[PDB]
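Asks: Sequence, then structure. It's an experimental one.
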Amino acid sequence: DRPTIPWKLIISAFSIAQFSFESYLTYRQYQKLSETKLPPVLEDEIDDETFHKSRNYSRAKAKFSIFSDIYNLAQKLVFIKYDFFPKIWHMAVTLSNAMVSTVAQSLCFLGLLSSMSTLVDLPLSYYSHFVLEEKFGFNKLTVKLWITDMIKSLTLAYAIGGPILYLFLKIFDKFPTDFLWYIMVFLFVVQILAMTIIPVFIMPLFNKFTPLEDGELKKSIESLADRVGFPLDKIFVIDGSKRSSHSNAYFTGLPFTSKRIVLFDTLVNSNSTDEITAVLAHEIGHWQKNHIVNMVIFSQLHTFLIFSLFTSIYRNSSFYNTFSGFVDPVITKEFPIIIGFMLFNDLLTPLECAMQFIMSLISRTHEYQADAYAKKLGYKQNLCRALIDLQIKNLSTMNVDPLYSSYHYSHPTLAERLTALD
Ligand SMILES: [Zn+2]
């Protein structure tokens, strides 16, 4: 536990290492998608034509994935070896006029930084939407709406992100010796408010929430709810058609309290008729077995590990000194917590890989249990046809690499979800 260790080399080595590992995964997946032509348990229920089209969708996804990784590894390594952070700090504070200048310039640094991460990402985000998924008729948005969404995301990020971060940072000042349990509780309470505030206040700005047109489907879902429990405030059908013809469904409720069921516009349309309910049995499965409880708990362990280790490396950095020590246009005074946190974030990357395996696996077995639970309710045959139709219209990957799926896939392979039931 001490200051002088070669940080530059280690961080560059880690980023390259885990990029290479991720490149290996993506490589295997590309192999299988291009070579294999048959699913074992889906050889009858997958059109030979819509199978090839799905091979192509996944191909382009992988290609773009690798280019996106190289791009994000390239700008990082350049950011590192050329000490690009100090420079942004100076340029940020320089653009602060009105005095209303303060001790927490950290917010300024992050203000310009995140805005740069946006503009540098912009080209990729544009390609993915207006090329990768326009080529497969998935994207239904105009540039007008895309840009407006970007601006709304940044404006919100500052509006509520600034205040929360500020308090988060000043909590370190009040407790320089024992901050752990305080910032722990802080993140917990922000989490609770988060799941309650984003759906109620933030989402309405993105999509138009309308209540489910009273009739058949409303009654069906209402009946499944009353049967298995009392968790149901109301049902809304969001307009997710405006973005792309992708489908999904979820419920938003502050647990444990009333829960609202949101259904995607493309879902109620003619892809899922009332196999929709089998799906909702699956999604009620997550609630019944207290998975959300297991997830917040497994999340708190993670956070504790992270900020337990933080105590070790929030003292001295190779980068600017903060209280001429041997290099140029450096930054001075109080050590700034935000910076030590970021570099620490890129120090952990291997730990994250480990917990990427762990989290992906837990989610997978949660889906397993929810499906089995849908069988318990008799929605087995409809649930099967639901998942199959989703994979058909979303051109999801048919036969995947075990390792690649073990790392990335939070949901088990379709074939793997069926064999557990069918
Ligand atoms: Zn699920």
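Replies: Sure, I can see it. Residues are numbered from 1 along each chain as shown.

Asks: Can you pull the phi/psi pair for residue 260?
Replies: Here is the backbone geometry of residue 260 (degrees, to the nearest 10): phi -90, psi 140.

Asks: List the contacts of it.
Replies: 199, 233-236, 251-253 (C-beta atoms under 8 Å, 6 or more residues apart in numbering). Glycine gets a C-beta too; all of them are placed from N, C-alpha and C.

Asks: From the contact counts, what lies against the helix ranked longest in the chain?
Replies: In the chain, assigned by DSSP state H, the helix with the most residues is helix 48-81. The contact analysis (3 or more C-beta pairs under 8 Å, 6 or more residues apart in numbering; DSSP states H and E) places helix 48-81 against helix 7-35, helix 106-127.

Asks: Helix 106-127 and the following helix or strand past the last one, what's the angle between them?
Replies: Sequence order places helix 143-174 as the next helix or strand after helix 106-127, per DSSP states H and E. Taking axes from the mean of the first three to the mean of the last three C-alpha atoms, to 10 degrees, one finds that helix 143-174 is oriented at 150 degrees with respect to helix 106-127.

Asks: Report the distance from helix 143-174 to the chain centre.
Replies: Its chain's average C-alpha position is 17 Å from that of helix 143-174, according to C-alpha atoms, centre = their mean, to the nearest Å.

Asks: OK, contacts around residue 32?
Replies: Here residue 32 is in contact with 399-401 (C-beta under 8 Å, 6+ apart).

Asks: any idea how far it lies from residue 334?
Replies: Look at residue 32 and residue 334: by C-beta to C-beta, to the nearest Å, they are 52 Å apart.

Asks: now swap in residue 61 and tell me
Replies: 45 Å.

Asks: Those two: which has the busier surroundings?
Replies: residue 61 (19 against 12; other C-beta atoms under 10 Å).

Asks: Residue 184 falls within a helix, correct?
Replies: Yes. The assignment for residue 184 (DSSP: H, G, I helix; E, B strand; the rest coil) places it in a helix.

Asks: Would you mind giving the secondary structure of residue 237?
Replies: strand.

Asks: wouldn't it be in contact with residue 261 here?
Replies: No. Proximity of residue 237 to residue 261 does not meet the contact threshold set by C-beta atoms under 8 Å, at 9.6 Å.

Asks: Now the terminal residues of stretch 222-239, how far apart.
Replies: End-to-end distance of stretch 222-239 (C-alpha to C-alpha, to the nearest Å): 21 Å.

Asks: My error: substitute stretch 399-413 in the last question.
Replies: Termini of stretch 399-413 sit 8 Å apart (C-alpha to C-alpha).

Asks: Check the offset of it from the chain's centre.
Replies: Using C-alpha atoms, centre = their mean, the offset of stretch 399-413 from its chain centre is 17 Å.

Asks: So which bits of it are buried?
Replies: 399-401, 404-405, 407-409, 411-413 (16 or more other C-beta atoms under 10 Å).

Asks: Of the contacts of residue 260, just the buried ones, ChimeraX syntax please.
Replies: Here is the ChimeraX command that selects the buried residues among those (16+ other C-beta under 10 Å):
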select :199,235,236,251,252,253
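
Asks: Would you mind listing the two of the contacts of residue 260 that lie farthest apart?
Replies: Using C-beta to C-beta, the two most remote members of these are 199 and 235, lying 13.8 Å apart.

Asks: what residues are shared contacts of these two?
Replies: 260, 262.

Asks: Contacts for stretch 182-198 next, please.
Replies: In contact with stretch 182-198 (C-beta under 8 Å, 6+ apart) are residues 164, 167-168, 171-172, 174-175, 252, 254, 296, 299-300, 303-304, 307.

Asks: quick one on the thing from earlier: joint contacts of residue 237 and residue 261?
Replies: Common neighbours of residue 237 and residue 261 (C-beta under 8 Å, 6+ apart) do not exist.

Asks: Tell me which helix or strand whichever residue of the stretch 51-200 of the chain sits closest to the ion sits in.
Replies: Residue of the stretch 51-200 of the chain nearest the ion, by C-beta to the ion: residue 195 (17.0 Å). Residue 195 is part of helix 180-197, with elements assigned from DSSP H and E.

Asks: got the angle for that helix vs helix 143-174?
Replies: 150 degrees.

Asks: For the helix or strand following helix 180-197, which helices and strands make contact with it?
Replies: Per DSSP H and E, the first helix or strand lying C-terminal to helix 180-197 is helix 203-206. Judged by 3+ C-beta pairs under 8 Å, 6+ apart, helix 203-206 is in contact with helix 143-174.

Asks: Figure out which of the helices and strands packed on helix 48-81 is closest to residue 41.
Replies: Across the helices and strands packed on helix 48-81, closest to residue 41 is helix 7-35 (C-beta to C-beta), at 16.0 Å.
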